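Here the Cβ positions follow ideal geometry from the backbone for every residue, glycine too, while neighbour counts run over all protein chains shown. Derivation of every value follows stated rules applied to the coordinates shown; laboratory data play no part.
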Number of protein chains: 2
Amino acid sequence: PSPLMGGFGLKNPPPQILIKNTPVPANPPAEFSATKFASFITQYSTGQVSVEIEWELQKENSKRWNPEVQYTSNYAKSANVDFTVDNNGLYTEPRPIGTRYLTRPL
Amino acid sequence: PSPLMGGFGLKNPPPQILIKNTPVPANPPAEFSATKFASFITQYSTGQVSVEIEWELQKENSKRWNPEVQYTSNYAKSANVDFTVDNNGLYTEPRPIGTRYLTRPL
């Protein structure tokens, strides 16, 4: 049961955190009406969210002699730096980065 | 006092270990001669030498966002692997590798 998109398949994954604004009704009528409220005060909310994950690592223990393939930035004069913002303030990721760079014997 | 070829300048560097074969004279004459010996038994020596160095490291503490430049092996079909032996058994080093790959603010 490993997900086909990649990642960790969990029987009990991190649960969903669900959030909503509590409805605030607008001015009710002077006389009672059993029809459910449809007029609400229009509002939104803003805030800060923090997520902290501890990850366990499994270190390489290789006896390989020659140097390994590593993920590296390209050294060259470029109009922009990779994984940065442009002059308009837009953060971009130039390429997808995988994980499989170190090697081990089969 | 930093050496101009690069490295650590030490006032008391690792001392020189000097080794030689003790001369073994050949057959001396029957009568005494005060002339110093010039005929020796021809010999050499072989053995194993071990050197163990402990090095202190100074870890990066960078807050840089984009990925760093790393020294990497080239991924490509090549007749040989870098820093290995060839079919004749000769170990070769394709290029000189420096140290300055990570960065820090000035």
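Calculate the mean, over all residues of peptide A:65-73, of how many other protein chain Cβ atoms lie within 10 angstrom of the residue's Cβ.
That works out to 6 on average.
Each part reduced to its alpha carbon centroid, segment B:1-74 and segment A:37-106 end up 46 Å apart. For B:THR84, the residues whose amide H sits under 5 Å from its own are B:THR92, ignoring neighbours fewer than 5 places away on the same chain, with H placed 1.01 Å from N. Here is the P(r) of chain A: all C-alpha pair distances, binned every 10 Å from 0, give 8, 17, 22, 22, 13, 9, 5, 3, 0 in whole percents. For the listed peptides A:96-102, B:63-69, a ranking on the average number of other beta carbons within 10 Å per residue, highest first, reads B:63-69, A:96-102.
Quick check: net charge around B:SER78, other residues with Cβ under 14 Å of its Cβ, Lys/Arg +1 and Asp/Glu -1? Please report the intermediate quantities before stating the final value.
Details: positive: B:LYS77, B:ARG95; negative: B:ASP82, B:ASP86.
Taking every Cβ under 14 Å from that of B:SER78, the sum is 0.
With label points defined 7 Å past Cα in the direction of Cβ, position B:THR84 shows copy-to-copy spacings of 3.7 nm, given to one decimal and shortest first.
Between copies, the label points of B:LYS36, set 7 Å from Cα on the Cα→Cβ line, lie 11.5 nm apart, reported in increasing order to one decimal in nanometres.
Under conditions of 4 °C and 1.567 mPa s, the protein assembly as shown yields 46 µm² s⁻¹ as its translational diffusion coefficient, taking Rh as the Kirkwood radius over Cα pairs in the Stokes-Einstein equation. For B:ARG104, the distances from its label point to the matching points in the remaining copies are 3.2 nm, ordered from shortest, with each point set 7 Å beyond Cα toward Cβ. Other residues within the sphere of radius under 14 Å centred on the Cβ of A:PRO94, judged by their own Cβ, net out at -2 (K and R +1, D and E -1).
With a cut-off of 15 Å between beta carbons, the residues surrounding A:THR103 carry a summed charge of +2, where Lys and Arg count +1 and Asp and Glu -1. Where Rh is the Kirkwood radius over the Cα pairs of segment B:44-106, the temperature 4 °C and the viscosity 1.567 mPa s, what D in µm²/s does Stokes-Einstein return? The Stokes-Einstein estimate is 78 µm²/s.
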